[PDB]
Amino acid sequence: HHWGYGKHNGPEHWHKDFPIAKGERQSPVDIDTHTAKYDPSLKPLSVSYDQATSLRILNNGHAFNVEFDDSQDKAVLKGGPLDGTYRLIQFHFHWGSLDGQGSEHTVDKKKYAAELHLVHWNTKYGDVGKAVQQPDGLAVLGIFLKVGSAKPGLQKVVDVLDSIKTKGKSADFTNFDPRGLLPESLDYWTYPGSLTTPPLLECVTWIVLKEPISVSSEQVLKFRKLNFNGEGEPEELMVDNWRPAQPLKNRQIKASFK
Ligand SMILES: NS(=O)(=O)c1ccc(C(=O)NCc2cc(F)c(F)c(F)c2)cc1
Ligand SMILES: NS(=O)(=O)c1ccc(C(=O)NCc2cc(F)c(F)c(F)c2)cc1
Ligand SMILES: [Hg+2]
Ligand SMILES: [Zn+2]
């Protein structure tokens, strides 16, 4: 009665309502490190998050989004394979019920515990609504999470999850610094793709970081305690909200490093 990740409304069914699901530039994809083309013309990424203004965190029934004020060029992404300035609008995660799965993208078929997506829209389009209608409208920075040591910068997010346990719940979330979620290196792979959830619009330039960040078992456990359902409805734990790898088709994955 609406898409989800369940047996009856999961990824295998999305194509019925969103035919683009079987499109030419769908995400995520498997990154085969041996076939990725090192491209020397790729410029380094420019991540300027020092003026980032987070405002709210909400459980939307599919994942939890941390939203940022994108009214001005406060937190932007430029450089890399990008042409123009991209403003950060929100970030969310995809994760699994077990540590051996959770990521959307895979590297040489290897799945990580989770995947962080920092969503940005191209400023030349005026608003996000217009950007999703363009081939280069969005830029998503993907970061893999592996279970190991705790990530201090992630704890503030972890602590607030209790207040947004169910669908539709939101909590004020100001003064969060997204710089605390970045790995040391900004080396990346890039390819043209799409949103990984319906409407599955093919308007995204994907930039997937090579270096994952570590999070503790305890930190990822808290993600698994969220609910897909709203208050008063049957409880369904929010886990495995990831889409399986899609055919690469006529696309080439470029790498910024040798
Ligand atoms: N400036 S703000 O904090 O008041 C604000 C925050 C989030 C959104 C939003 O998520 N729209 C949906 C949405 C988000 C995306 F990231 C997209 F790519 C998209 F197409 C639609 C809009 C405004
Ligand atoms: N996991 S990910 O990075 O690929 C991803 C990022 C953002 C969104 C999103 O904003 N959906 C809202 C939304 C509502 C609409 F009505 C739209 F038209 C639209 F494009 C997006 C979905 C997936
Ligand atoms: Hg598009
Ligand atoms: Zn995502």
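Whatever order the structure lists ligands and atoms in, that order sets their numbers, starting from 1. The first residue of the sequence shown is numbered 1, and numbering continues consecutively from there.
Ring to ring, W242 and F93 are not that close: their centroids are 6.0 angstrom or more apart.
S216 contributes a side-chain N or O that, together with a main-chain N or O of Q219, makes up a donor-acceptor pair within less than 3.5 Å. Between the side chain of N122 and the backbone N or O of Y86, no donor-acceptor pair lies under 3.5 Å.
Considering only residues two or more places apart in sequence or on other chains, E211 meets the salt bridge (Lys or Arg N to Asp or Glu O under 4.0 Å) condition with none of them. In this structure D136 satisfies the salt bridge (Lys or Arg N to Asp or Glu O under 4.0 Å) test with no other residue, sequence neighbours excluded.
Around the Zn ion (ligand 4), protein atoms of type N, O or S found under 2.8 Å number 3.
Ring geometry for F68 against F91 counts as tilted: the plane angle lies between 30° and 60°, on a 0 to 90° scale. Below 30°, between 30° and 60°, or above 60°: for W95 and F64 the angle between ring planes is between 30° and 60°, a tilted geometry.
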Please tabulate, one line per pair, the protein N or O atoms found under 3.5 Å from any N or O atom of ligand 2, giving the distance to one decimal.
{"residue": "ligand 2", "atom": "1 (N)", "partner": "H92", "partner atom": "NE2", "Å": "2.9"}
{"residue": "ligand 2", "atom": "1 (N)", "partner": "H94", "partner atom": "NE2", "Å": "2.9"}
{"residue": "ligand 2", "atom": "1 (N)", "partner": "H117", "partner atom": "ND1", "Å": "3.0"}
{"residue": "ligand 2", "atom": "1 (N)", "partner": "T196", "partner atom": "OG1", "Å": "3.1"}
{"residue": "ligand 2", "atom": "3 (O)", "partner": "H117", "partner atom": "ND1", "Å": "3.4"}
{"residue": "ligand 2", "atom": "4 (O)", "partner": "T196", "partner atom": "N", "Å": "3.0"}

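Judged by the 6.0 Å distance and 45° axis criteria, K210 is positioned over the aromatic ring of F257.
Side-chain contact check for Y112 and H94: no donor-acceptor pair (N or O, by modelled atom type) lies under 3.5 Å.
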